[PDB]
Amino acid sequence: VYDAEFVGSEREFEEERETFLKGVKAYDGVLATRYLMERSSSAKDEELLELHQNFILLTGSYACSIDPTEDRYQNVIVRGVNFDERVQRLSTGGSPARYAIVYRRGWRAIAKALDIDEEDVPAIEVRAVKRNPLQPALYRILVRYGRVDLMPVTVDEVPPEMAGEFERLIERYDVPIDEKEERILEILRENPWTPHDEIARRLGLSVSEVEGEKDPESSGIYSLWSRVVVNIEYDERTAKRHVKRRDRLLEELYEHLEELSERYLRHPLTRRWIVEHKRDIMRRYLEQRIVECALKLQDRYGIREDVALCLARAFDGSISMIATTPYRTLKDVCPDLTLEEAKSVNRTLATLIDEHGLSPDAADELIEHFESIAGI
């Protein structure tokens, strides 16, 4: 269900593995800083938040550097979908490998291609929302387009127009914006860090409709950002500089984490400790995501607690994942789920039944088809 083949040269192979492993080390920092927040009430600390954000930036920067020539991998498959085909058909093409990395757990396909065994569970995720120093959809689009030049490598260097004032970046290139995208921007103006599930719920749309595809010719927030970003000239000089500085920046972040953690823990959070206890860190990080997911399902979607916990556990604490799953499939993992509950969390199911008058079975058949298609 996750697959990719590396097809470049020996030299490129070493380049890709080095990039990937640095990305892993950066993401480990994202995890470890979150871990400290959750383990220690007193840490739950402004310079710790800043460390976390810096690790988010570096993880994104390394991710932008995957498959620089956009030809180093083939047969990229993510949750059973052929991403080679998907990306080739996009007006702007690009790297199927980097495209995969932006999907939750997409790293699995790339880790396999590169035969990464240097570190246990060598994850790279680039889907931070609430604590992302950049507007989150923009951040994901920079990664997709390999914009090592545009991705900041330090929190102090993040331009307001890539965050709170993101509208200025949109306005500068005078791209077309459709009605749906305008509705989405209205919500982002209130809070640029609004989760995509919440934008969808508030607009009465599916998450898929909110996002669209990561190409200018689609429609949705990914589409609008893509339309903007492809107009921004590549800055090789700044790219080179980010690449030169980031390895050192990453080491410094670890040293700072170590020193900061001493104010809260008996045993300092060293890089060594983090690697050795990576499983425990991932366990805690996941259980929190589950709790948060279940609470959202109860408080925003009117789903009973036990049902909510069941779905949260079965689906990686991802609302977006639950929201796109066929009723019969949700019902198979959580038997107590009601149709009304499923219609609440899956807007596509609700629409197909309510507006098109389809049976749940017919709706499920289509929902399953939509799973393979970006933007519906």
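Residue numbers here begin at 1 and follow the sequence given.
- Just going by the entry, 209 to 217 versus 151 to 159 on mean CA temperature factor gives the higher value to 151 to 159.
- Taking the PDB entry as given, 230 to 238 carries the higher mean Cα B factor of the two stretches 230 to 238 and 139 to 147.
- Comparing the listed residues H196, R79, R183, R108, the entry records the largest Cα B-factor for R79.
- The PDB entry gives the largest Cα B-factor of the residues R245, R127, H256, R131 to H256.
- The entry lists a Cα temperature factor for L309 that places it in the middle third of the chain's modelled residues.
- Placement of the Cα temperature factor of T325 within the chain: highest third of the modelled residues, per the deposited record.
- In this PDB entry, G29 carries a Cα temperature factor that places it within the lowest third of its chain's modelled residues.
- Split the chain's modelled residues into thirds by C-alpha temperature factor. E355 is in the highest one.
- In this PDB entry, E70 carries a Cα temperature factor that places it within the lowest third of its chain's modelled residues.
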